[PDB]
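Chemist: Pasting a structure here, questions to come.
For neighbour counting, all protein chains shown are included, and Cβ atoms are generated from backbone atoms with ideal geometry for every residue, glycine included. Bear in mind these aren't lab numbers, they're just calculated from the coordinates by the rules spelled out.
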Number of protein chains: 2
Amino acid sequence: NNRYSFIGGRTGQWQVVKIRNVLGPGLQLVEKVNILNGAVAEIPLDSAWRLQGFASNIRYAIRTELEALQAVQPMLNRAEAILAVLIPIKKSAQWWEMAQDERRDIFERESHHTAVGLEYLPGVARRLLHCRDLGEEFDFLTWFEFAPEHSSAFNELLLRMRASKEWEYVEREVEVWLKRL
Amino acid sequence: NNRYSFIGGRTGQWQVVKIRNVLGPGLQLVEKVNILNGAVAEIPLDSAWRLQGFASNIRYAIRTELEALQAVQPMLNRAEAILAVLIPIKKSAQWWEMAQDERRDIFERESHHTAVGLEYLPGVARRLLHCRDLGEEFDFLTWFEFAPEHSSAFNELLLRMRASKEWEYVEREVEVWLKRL
Ligand code: HEM
Ligand code: HEM
Ligand SMILES: [O-]
Ligand SMILES: [O-]
């Protein structure tokens, strides 16, 4: 199954450390996040919100970039990867109206998204989920997990990405910081 | 709402003329196709199959190709366009494992998908829906409609695409030919 649900509430595998409402409407503070590898028909009782998205095919990365990523990217659920962050992201209508070459040029040629991210591997494991096509309020659910040794480096990565050309088209963004239970 | 369902059965806006089971498991012959905007998980008891997909963002076309398409491509629902064809399509695992540059290279540089297609506009109107990400048995639901004057031209277009490098990666394909009621 390629579908995942993220339920903010009183159950889950991850404890919410803090929520930072970076841009646009935030998400209600909750105790934990419950991650399920399937769709949940409705938000459970007592839970505050549900996000969902699917794993999909590559949209921008070229073969040589995939080879570099696969050489170093770490697995999920490393014993030491006790910290994580869920970052839902929505991009603007202007972005989605652009053609494929226009979006690729912004994503890598101008912002060097993959090349920059590659510097912060293998410390940081990641997972990308898509959800605009499901009608969700966000466009992407991005997931990162790492050991505390890499907290400072991950903050530096965030600083670089938020300053990029790509991020000029980001319209809504929230950070849910997590600690593994 | 970007989700559409196609229910093969006894009711609907379109009458089935024939079903050509081009490649792989076919679709059971039915009387009509009913098209619904949104998702359904029931389908009337007199229905043989349901298909679903969503409209999404551009994946391969570049800006100059979009400009050429927009200059000539017709709208759906032309008074004269009383014939339609629904063509569900599934591509191989090998296709989906390829990177973005590799898939684009086959799609256009080698197969000339958009350049060939442009030759049959404005006669043929089209819609493209995606459904691999929904876990469906097909990957795409493609839709075409035209006046009878263009039936032979559309048959020619099919001939040319089925012989392309791109189509070497197609592993299931069906044609549901339809007439507007
Ligand atoms: C940590 C190292 C990172 C690496 C190696 C990395 C790599 C990538 C790659 C290769 C893609 C393209 C996938 C495709 O072609 O479909 C992608 C997509 C994306 N990533 Fe990252 N990334 C990293 C960090 C981040 C961070 C920190 C964020 C958010 C703050 C982020 C947000 C996104 C988004 C929103 C997309 C979707 C872009 C789109 O389809 O428009 N990534 N990432
Ligand atoms: C009639 C003229 C046609 C034109 C102008 C045309 C044009 C296009 C374009 C520009 C795309 C890329 C959309 C994107 O960038 O995401 C596309 C995708 C596609 N077309 Fe066509 N097309 C035509 C006919 C057909 C026919 C007759 C079929 C099937 C029998 C077909 C099957 C597909 C499929 C399956 C895709 C998705 C490709 C993929 O994502 O791998 N097209 N078409
Ligand atoms: O990512
Ligand atoms: O198409």
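Chemist: So B:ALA147 fits all but one of (1) in contact with a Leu (Cβ under 8 Å, 6 or more places away or on another chain); (2) within 26 Å of A:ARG132 (Cβ to Cβ); what number is the exception?
Modeler: (2)
Chemist: Of the numbered conditions (1) closer than 22 Å to A:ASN1 by Cα; (2) of a type outside the set (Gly, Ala, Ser); (3) within 16 Å of the chain's Cα centre (by Cα), A:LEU134 satisfies every one except a single condition; which is it?
Modeler: (3)
Chemist: Report yes if some residue within segment A:83-91 is more than 10 Å from ligand 1 (Cβ to nearest atom) and out of contact with any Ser or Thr (no Cβ under 8 Å at 6 or more places or on another chain); otherwise report no.
Modeler: yes
Chemist: For residues in segment A:138-174 being in contact (Cβ under 8 Å) with a residue 60 or more places away in the chain and within 14 Å of chain B (Cβ to nearest Cβ), which is farthest from ligand 3 (Cβ to nearest atom)?
Modeler: Among residues in segment A:138-174 that are in contact (Cβ under 8 Å) with a residue 60 or more places away in the chain and within 14 Å of chain B (Cβ to nearest Cβ), the one farthest from ligand 3 (Cβ to nearest atom) is A:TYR169.
Chemist: Further, regarding this structure: Under the condition of being surrounded by fewer than 18 Cβ atoms within 10 Å (Cβ to Cβ) and not polar (S, T, N, Q), which residue from segment A:141-153 is nearest to ligand 2 (Cβ to nearest atom)?
Modeler: First, the residues of segment A:141-153 that are surrounded by fewer than 18 Cβ atoms within 10 Å (Cβ to Cβ): A:142, A:147-149, A:151-153.
So of that shortlist, the ones also not polar (S, T, N, Q) come out as A:147-149, A:153.
Details: A:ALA147: 39, A:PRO148: 42, A:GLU149: 41, A:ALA153: 36 Å.
The extreme case among them is A:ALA153.
Chemist: Within segment B:9-83, which strands (runs of 3 or more DSSP E) (wholly inside it) include 3 or more residues that are within 14 Å of chain A (Cβ to nearest Cβ) and loosely packed, with under 14 Cβ neighbours inside 10 Å?
Modeler: Values: elements: B:14-23, B:32-37, B:49-54.
Counting at least 3 such residues, we get no strands (runs of 3 or more DSSP E) at all.
Chemist: Which ones in segment A:93-123 are part of a loop (DSSP other than H, G, I, E, B) and either within 17 Å of A:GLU65 (Cα to Cα) or more than 11 Å from ligand 1 (Cβ to nearest atom) (or both)? Walk me through how you get there before you give the answer.
Modeler: Step one: of segment A:93-123, the residues part of a loop (DSSP other than H, G, I, E, B) are A:98-99, A:111-112, A:120-123.
Scanning segment A:93-123 gives A:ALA99, A:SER111, A:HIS112, A:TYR120, A:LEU121, A:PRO122.
Chemist: In segment A:162-176, how many are touching an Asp or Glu at 6+ places or on another chain (Cβ under 8 Å) and under 14 Å from A:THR142 (Cα atoms)?
Modeler: 1
Chemist: Right, next: Can you find a residue that is within 16 Å of ligand 4 (Cβ to nearest atom), over 21 Å from A:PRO74 (Cα atoms), of a type outside the set (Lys, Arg) and out of contact with any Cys (no Cβ under 8 Å at 6 or more places or on another chain) anywhere in segment A:110-118? It would help to see each step written out before you state the result.
Modeler: Filtering segment A:110-118 down to residues within 16 Å of ligand 4 (Cβ to nearest atom) leaves none.
No, because not a single residue in segment A:110-118 is within 16 Å of ligand 4 (Cβ to nearest atom), over 21 Å from A:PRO74 (Cα atoms), of a type outside the set (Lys, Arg) and out of contact with any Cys (no Cβ under 8 Å at 6 or more places or on another chain).
Chemist: Quick one: in segment A:84-130, which of the residues that are basic (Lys, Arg), farther than 20 Å from A:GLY12 by Cα and in contact (Cβ under 8 Å) with a residue 60 or more places away in the chain is farthest from the other protein chains (Cβ to nearest Cβ)? Let's see the steps before the verdict.
Modeler: Keep residues of segment A:84-130 that are basic (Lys, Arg), which gives A:90-91, A:103-104, A:109, A:126-127.
Next cut, farther than 20 Å from A:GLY12 by Cα only: A:90-91, A:103-104, A:109.
Among the residues that remain, those that are also in contact (Cβ under 8 Å) with a residue 60 or more places away in the chain are: A:90-91.
Values: A:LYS90: 13, A:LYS91: 10 Å.
Going through the qualifying residues, I end up with A:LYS90.
Chemist: Among (1) within 16 Å of ligand 2 (Cβ to nearest atom); (2) loosely packed, with under 15 Cβ neighbours inside 10 Å, there is one condition A:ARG132 misses while meeting the rest; what is its number?
Modeler: A:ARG132 satisfies all of (1) within 16 Å of ligand 2 (Cβ to nearest atom); (2) loosely packed, with under 15 Cβ neighbours inside 10 Å except (2).
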